[PDB]
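>>> Give the three-dimensional model of this entry:
(2 chains)
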Amino acid sequence: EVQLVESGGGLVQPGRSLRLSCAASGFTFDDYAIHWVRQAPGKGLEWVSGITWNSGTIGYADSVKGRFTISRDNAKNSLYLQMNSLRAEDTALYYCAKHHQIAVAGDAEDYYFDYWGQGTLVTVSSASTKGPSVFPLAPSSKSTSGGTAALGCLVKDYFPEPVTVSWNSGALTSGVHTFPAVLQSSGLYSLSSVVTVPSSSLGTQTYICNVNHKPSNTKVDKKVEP
Amino acid sequence: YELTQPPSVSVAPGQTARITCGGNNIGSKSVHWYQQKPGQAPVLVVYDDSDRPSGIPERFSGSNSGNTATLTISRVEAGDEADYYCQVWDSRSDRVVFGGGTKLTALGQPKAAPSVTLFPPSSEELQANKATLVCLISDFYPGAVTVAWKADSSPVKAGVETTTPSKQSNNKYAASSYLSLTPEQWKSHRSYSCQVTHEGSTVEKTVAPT
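Residues are numbered from 1 along each chain as shown, chains lettered A, B, ... in the order given. Please find the structure below.
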């Protein structure tokens, strides 16, 4: 139903500017309020700003005034946010939340979120973007149970983490164990996944691990072989 | 404004929990609640202490009395472990004051034996020098696990390691291990393997000595 597509985010130097966008799909973009609220990793959330159903600013926090500028577009049905003078304490997942009430003319000021999105990792540091390195992990012939064999990818050497993996075309939502990344004392991270991988009898997947990385856009279509 | 929330509240899955959010003079302003699962997107629960959204069962409820808003969850289960946040408006400052959510963890769940997984180096990398050996572990409930490496049939921990903490995945803990301090000639001898020492019994897995 509600599809709040969020775009904009990556690795930028401290002191630059960027533009995040949130496009709505499913409802009418004339009677609902939409807010931007960041979320630090494992350190709670933090409301950034918001705009009501019409072109109107509701306010900001005590540490984001003068640097951020939020705007609304009812012609294109999109909420934009321009960020300037980013510092080290601005690394969080900026979520684009909607509002439940229709925000009638005469009421009380009480806005609460109803729908949430996915968020975009907007990191601010002095490091540079690195290109991923996909490797075809060997599906060794250790066969004891039915699905004991498993193969995956070995993506590494990447500072930002826009981890989005797909096998063939964005399907096969079965049991897959996508291990989270970890900073190996150098700023880089590592990604790995485990699939079922049944007995290979020409009736399995194409053995393709496509990883999408926005700051390091590079279409890798390398196959995996035993 | 400034809300005070408990750091962590654990309760067995037999009774109800107590998640309280209080302030200074919050007795009439509306109080909303949200439940964010680790990794997924947040969802709306009983808000304003007088109504619930579409889909939320009768298990969730809210009650405000003077200066304390309590979120009562009835018949807490394993699938209800998430981060609960309480939101207030505070029209005096024209802001949205959030607070440190409470990590509700149902204490008293059955154990889960983790399974170790070994992925040998790929075929199209020996011509280069990558040295990205990885040892994985399956899902397990009891966290705080130390992955001990047995490099060349000997304890070698001086190399560069990762030691990632146990993350959240379908109400389960998981991690990985990376230690390839070798000169990239890992196929030397004596069956380079991997181990994992959990609370109680430990697991091990070896590969072909070639």
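
>>> only C-alpha atoms for contact and neighbour calcs from this point on.
Noted.

>>> For chain B, what lies in contact range of chain A?
Taking CA under 8 Å from any CA of the partner chain, the part of chain B that reaches chain A is made up of B:30, B:32, B:41-44, B:87, B:89, B:91, B:94-101, B:119-124, B:160-162, B:164, B:167, B:174-176.

>>> Kindly confirm my reading that residue A:89 forms part of a strand.
No: counting by DSSP: H, G, I helix; E, B strand; the rest coil, residue A:89 is not part of a strand but helix.

>>> how near is it to chain B?
Going from residue A:89 to chain B by CA to the nearest CA, to the nearest Å gives 17 Å.

>>> Could you give the number of residues near that residue?
Using other CA atoms under 10 Å in any protein chain shown, residue A:89 is surrounded by 10 other residues.

>>> what's the answer for the one 3 residues further on, then?
Residue A:92 is surrounded by 22 other residues when neighbours are defined as other CA under 10 Å.

>>> now residue A:54
Residue A:54 has 15 neighbours, counted by other CA under 10 Å.

>>> Quick one: residues contacting it.
A:30, A:31, A:33 (CA atoms under 8 Å, 6 or more residues apart in numbering or on different chains).

>>> ok, what's across the strand from the residue nearest the centre of chain B?
When CA atoms, centre = their mean is applied to chain B, the residue found nearest the centroid is residue B:168 (3.4 Å). Per DSSP bridges, the residues bridged to residue B:168 are residue B:173.

>>> any idea how far residue B:141 is from it?
According to CA to CA, to the nearest Å, residue B:168 stands 10 Å off from residue B:141.

>>> same question, residue A:202
Here the criterion is CA to CA. By it, residue A:202 lies 36 Å from residue B:141.

>>> Give me the more crowded residue out of these two.
A side-by-side neighbour count of residue A:202 and residue B:141, using other CA under 10 Å, places residue B:141 first with 17 against 7.

>>> Give me every residue in chain A that's in contact range of chain B.
Within chain A, the positions adjacent to chain B are A:43-47, A:58-61, A:109-118, A:135-140, A:151, A:179-180, A:182-185 by CA under 8 Å from any CA.

>>> Of those residues, just the buried ones, PyMOL syntax please.
When burial is assessed using 16 or more other CA atoms under 10 Å in any protein chain shown, the buried subset of those is captured in PyMOL by this command:
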select buried, chain A and resi 44+45+46+47+59+60+110+111+112+113+114+115+116+117+118+135+136+137+138+139+140+151+179+180+182+184
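
>>> Touching both of residue B:168 and residue B:141, which residues are there?
What both residue B:168 and residue B:141 touch, as defined by CA under 8 Å, 6+ apart, is an empty set.

>>> May I ask you to confirm that residue B:167 is in contact with residue A:181?
No: counting by CA atoms under 8 Å, residue A:181 is not a contact partner of residue B:167; they are 10.0 Å apart.

>>> If the spatially most central residue of chain A is in a bridge, with which residues?
In chain A, the C-alpha nearest the mean C-alpha coordinate belongs to residue A:120, at 4.0 Å (CA atoms, centre = their mean). Going by DSSP bridges, residue A:120 is paired in beta bridges with residue A:94.

>>> Need the three-state assignment for the residue of chain B most remote from its centre.
Using CA atoms, centre = their mean, the residue of chain B lying farthest from its centre is residue B:127. It sits 38.6 Å away. Three-state secondary structure (criterion: three-state DSSP) places residue B:127 in coil.

>>> how near is it to residue B:185?
Remark: distance between residue B:127 and residue B:185 (CA to CA) = 11 Å.

>>> cool, and residue A:104?
Following CA to CA, the distance that separates residue A:104 from residue B:185 is 70 Å.

>>> Quick one: residues contacting the residue nearest to the centre of chain A.
Going by CA under 8 Å, 6+ apart, the list of residues near residue A:120 reads A:6, A:7, A:8, A:9, A:93, A:94, A:95, A:162.

>>> Quick check: closest non-adjacent residue to the fourth one.
Okay, so that is residue A:9. Nearest in space to residue A:9, with sequence neighbours left out and distances taken as CA to CA, 6 or more residues apart in numbering or on different chains, is residue A:122 at 4.7 Å.

>>> Next, count neighbours for the one you found.
Other residues near residue A:122 come to 22 when the count uses other CA under 10 Å.

>>> Phi and psi next, for it.
phi -110, psi 90 (degrees, to the nearest 10).

>>> For the nearest residue to residue A:98 once chain neighbours are set aside, give me its contacts.
Here the nearest residue to residue A:98 in space, its sequence neighbours aside, is residue A:34; by CA to CA, 6+ apart that works out to 4.4 Å. Going by CA under 8 Å, 6+ apart, residue A:34 touches A:50, A:51, A:52, A:53, A:79, A:96, A:97, A:98, A:99.

>>> distance of the residue nearest to the centre of chain A from chain B?
With CA to the nearest CA as the criterion, residue A:120 and chain B are 13 Å apart.

>>> Residue A:1 too?
Taking CA to the nearest CA as the measure, residue A:1 and chain B are separated by 14 Å.

>>> burial of the nearest residue to that residue once chain neighbours are set aside, as a residue count?
By the measure of CA to CA, 6+ apart, the closest residue to residue A:1 outside its immediate chain neighbours is residue A:26, 5.4 Å from it. For residue A:26, the number of neighbouring residues by other CA under 10 Å comes to 9.

>>> pretty sure residue A:26 contacts residue A:77?
No: at 11.1 Å, residue A:26 does not count as touching residue A:77 under the criterion of CA under 8 Å.

>>> circling back to that earlier point, save the contacts of residue A:34 as a markdown table, and put in neighbour count and secondary structure too.
Conversion of the contacts of residue A:34 to a markdown table gives the following (neighbours: other CA atoms under 10 Å in any protein chain shown; DSSP: H, G, I helix; E, B strand; the rest coil):
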| residue | neighbour count | secondary structure |
| --- | --- | --- |
| A:50 | 26 | strand |
| A:51 | 20 | strand |
| A:52 | 20 | coil |
| A:53 | 18 | coil |
| A:79 | 23 | strand |
| A:96 | 27 | strand |
| A:97 | 23 | strand |
| A:98 | 24 | coil |
| A:99 | 19 | strand |
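
>>> Farthest-apart pair in those residues, please.
Using CA to CA, the contacts of residue A:34 reach their maximum pairwise distance at A:53 and A:96, which is 14.3 Å.
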